[PDB]
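Subsequent text provides structure tokens for two forms of one protein chain, presented individually as structure 1 and structure 2.
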Structure 1
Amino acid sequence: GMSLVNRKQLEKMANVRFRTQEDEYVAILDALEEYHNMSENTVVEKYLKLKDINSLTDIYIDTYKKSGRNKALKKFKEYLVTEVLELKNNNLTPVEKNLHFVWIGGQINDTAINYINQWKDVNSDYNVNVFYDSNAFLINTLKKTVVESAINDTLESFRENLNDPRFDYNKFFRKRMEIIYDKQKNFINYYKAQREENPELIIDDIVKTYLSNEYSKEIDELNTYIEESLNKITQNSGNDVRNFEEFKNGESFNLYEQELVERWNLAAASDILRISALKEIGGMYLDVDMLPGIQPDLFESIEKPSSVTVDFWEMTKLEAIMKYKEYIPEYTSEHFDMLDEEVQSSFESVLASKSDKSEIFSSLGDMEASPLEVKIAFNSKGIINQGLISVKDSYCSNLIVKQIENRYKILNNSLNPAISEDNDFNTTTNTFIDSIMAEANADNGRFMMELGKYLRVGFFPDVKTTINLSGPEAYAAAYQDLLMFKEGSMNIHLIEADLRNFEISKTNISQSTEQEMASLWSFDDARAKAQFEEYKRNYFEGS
């Protein structure tokens, strides 16, 4: 029977002859009995009761480390976990009909708009938010300007050493960062001084003057870009972060601004915003490179040739749609054009027999989920926060937000003092890592390892800090928090099968899109070497 054991059942299994019932044991039985009388309570209340039961059980095992009932109580703890999943699957509430996209730090491009429009076209019953920051359209411009200039400065120092094997990609990225870090410090010191002098100044005011003073950019041209950026986003369901009061007043806002203003990491700032948006409003978050799910039975008459993978086939399906329906102009066909004419004709025939977009892409419709959960997309590498589904104020959305805040607290506790010493990049790194390592233990070891690379994020190969800070790891940790009836998990022991309990159905997203499959590029050593080599070729052309 799937239902959680009752008091009498627990008494039997946790029975030890000749042992009196301790106060700590009775407490468990009492709470278990209370749980079974809670049929009229809310899901969250039921969960909190289960949490209390687990806590009381842990207190017993810790108090009487030798007790004969520990074996049975450990089995009981397993039953509690199963009950959480049962509670999750059996009590569903409607998901608010909102689609959330995020595009901050610069002008939204046409490709993003075209993808978003696909969702709009088949989900007319959904409100669409494309979150942007009206104060910070120039952050990407700033980063690109600083980085490009730094690349060019660095390569000039390589001029007489191009055949020297010591002047490798490693040296390049190291030397480049010395310059980038110095500029980042210069900028943030300027930002802080400007804010002190005139608190009415917004990010873009300070950035544009900085760009004019430091890199001879024209304020007039930057003003035009801001205007064009604002107009483009507001005409495409723009939702300004600067009007998101709950976000601005919460404990995540300073983390958002840390990433936006100090680190110029738009991906990380997006990570922080998206889950706060989902928590506060409810609905479905999507990356702008996701497309609506294909109708399940659309291509059932076409079977896959043996000379191609599932990933090749999935990409081909979308490319066929875009070739013959032209929903997105300029969509690739490189995978479709590799097929035999017999199957290309098979695609053309199927799609010709279809009239409306609603016959090709499915609609999200009435969705429901547990008040406990956030659902997440999966790819071949595991969970990925490119797709999220949650009811407003779901327990897990709260757990995820808290995971991210706690991770940043650990980071900033060591990072801020390190930075404040006002040394160069390498010295700051060493100070920071030494500080982080002093707080490392068996529980947080792998996490702390990645944290130590924070300042390298986006500028060096083999850096996974973001996923550990604001990305998938924080989500896995929240799921562990839920299933282990705790908060602040650092050591992820959950595996795929555990996480699949929270998966978004494959029918609800097309993940194998042109934009996505191009962004599965991983910045590893090989990629870094190739990038260095491309930079050198461009830079030294002529002689």
Structure 2
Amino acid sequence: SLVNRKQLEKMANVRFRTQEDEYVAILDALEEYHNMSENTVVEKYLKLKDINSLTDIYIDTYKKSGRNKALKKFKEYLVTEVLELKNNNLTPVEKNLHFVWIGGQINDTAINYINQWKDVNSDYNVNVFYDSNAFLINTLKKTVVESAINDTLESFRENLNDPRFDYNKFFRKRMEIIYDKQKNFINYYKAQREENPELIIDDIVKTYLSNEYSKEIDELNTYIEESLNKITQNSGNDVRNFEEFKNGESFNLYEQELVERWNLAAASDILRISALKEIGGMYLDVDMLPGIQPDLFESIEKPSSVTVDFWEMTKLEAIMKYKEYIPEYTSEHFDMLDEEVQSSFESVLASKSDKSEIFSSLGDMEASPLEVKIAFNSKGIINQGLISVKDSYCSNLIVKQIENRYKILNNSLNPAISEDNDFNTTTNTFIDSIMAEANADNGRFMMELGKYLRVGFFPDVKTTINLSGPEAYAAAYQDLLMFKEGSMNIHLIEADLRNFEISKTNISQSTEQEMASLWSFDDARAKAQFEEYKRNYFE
């Protein structure tokens, strides 16, 4: 409970020192805060913000004041009061589950995962967000990348047996060709948009694919039809009917990632937070599954011979092996267990008849109007799981973080692209500008932007997490606890972030599909795909 006016007067007391206007401003504001019983949680937080600002105004005005020590202690009590305000005043979470699949046909694997959530949360409305205008982005990315592969491997033909022509050389040379093909498409998209602003993304994409890659417009229309029909009868919710998002400051960023960068994870990052802000509820990646009942595998001890991650995977594999809720779910990890351990799993699952005995239900959830709750793995916070009440204060802060982060990026990126040079020259101008504009505040953030042009086309490029992903969420939490906006220097520790954790029992994160990233890939996969592309091209 935050100190009252009398308690602060005692802390900041200085014998025979004038009560300065700036000091009385603080005391008045603190007194007002303690008479705000019947005000909203956000109103109370905005008051605590004022009190913090007024306290800073004082310490800045009277630099050598005997009050300053006690006022620095008071600024700490304000932060504790934000957390107490967040933990003790909770409203219901709107019973919505938000999924996103944009850029192409939703796979049966995605639907089968979504259906688990539906079966165990019959009291929840389910939105599977799609873009009715952009069903051909994934077909465009795949066509350009496969053509870039063939163009690269052909350039390798003779100097092939040479170990200098490794997987690293392949991806560097292929990137140059992907960039040229990207620029060609973006230039066509813009040309078509000035000629006829009525044309939608899929109109332009399918005409581009007909012109440049001899694709049949009739086949592409059939694919759109089948994809639109499929999502239509799986709780489909059209982005092109989401007016608040379309009229907002983030839609140009969403289309930047959808249309120019072909990064559907980045576009998903921008959409999911808008959905939570405007509607409220819980966002889940299509690779997440419901929480396993805590008591289910209580009786089965984890072998020392197996990692924590291995064990969490085998739990889901066990369920799917014996209940077959998701057809052709892997048993790769379960099948490595000793027969006695496999038997323990079978015997437990044989004693369960209903899915509600395997997976838990979200039920009535409540959160602070201040907060967006976020999922955790061993590496820290991850936006694959998000809970927020409609129009939460943090949902607003996170939108503003993403918008500010893209402003800094585009400011350095757009000049470089406008010079209309090759990938290396463009990369060089971009990084020069990044390092030029970097300061003490945004230094760390700027050092992560360098690979933006390569996202999805080159191994171990994770730029998106700094722009639209987890780092935006960490920054938004810092904004809340520091009574400010626009944090770039993240100094929060685990203990701070853990106040915003989603309970581990609400999501099963260790799924088969979670282990296969859709927008990034590591060295292991790079090496593997290179060899796969080589034997395919020369047989």
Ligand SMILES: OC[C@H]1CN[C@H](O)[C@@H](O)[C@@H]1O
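Along the sequence of structure 1, residues get numbers from 1 upward. Only the largest set of C-alpha atoms that superpose within 1.5 Å between the two forms is called the rigid core.
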Number of the structure representing the form solved in complex with this ligand: 2
Displaced residue between structure 1 and structure 2, judged on C-alpha after the rigid core is fitted, out of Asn249, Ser216, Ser355, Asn161 (threshold 2 Å or more): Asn161
C-alpha of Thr429: shift of 2 angstroms or more between structure 1 and structure 2, rigid core aligned? yes
After superposing the rigid core, is the C-alpha displacement of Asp393 2 Å or more between structure 1 and structure 2? no
Core superposed first: is there a CA shift of 2 Å or greater at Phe173 between structure 1 and structure 2? yes
Rigid core fit between structure 1 and structure 2: Cα deviation of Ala478 in angstrom: 0.4
Between structure 1 and structure 2, C-alpha offset at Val16 (rigid core aligned, Å): 2.4
Core-superposed CA shift of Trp521 between structure 1 and structure 2, in Å, is 10.2
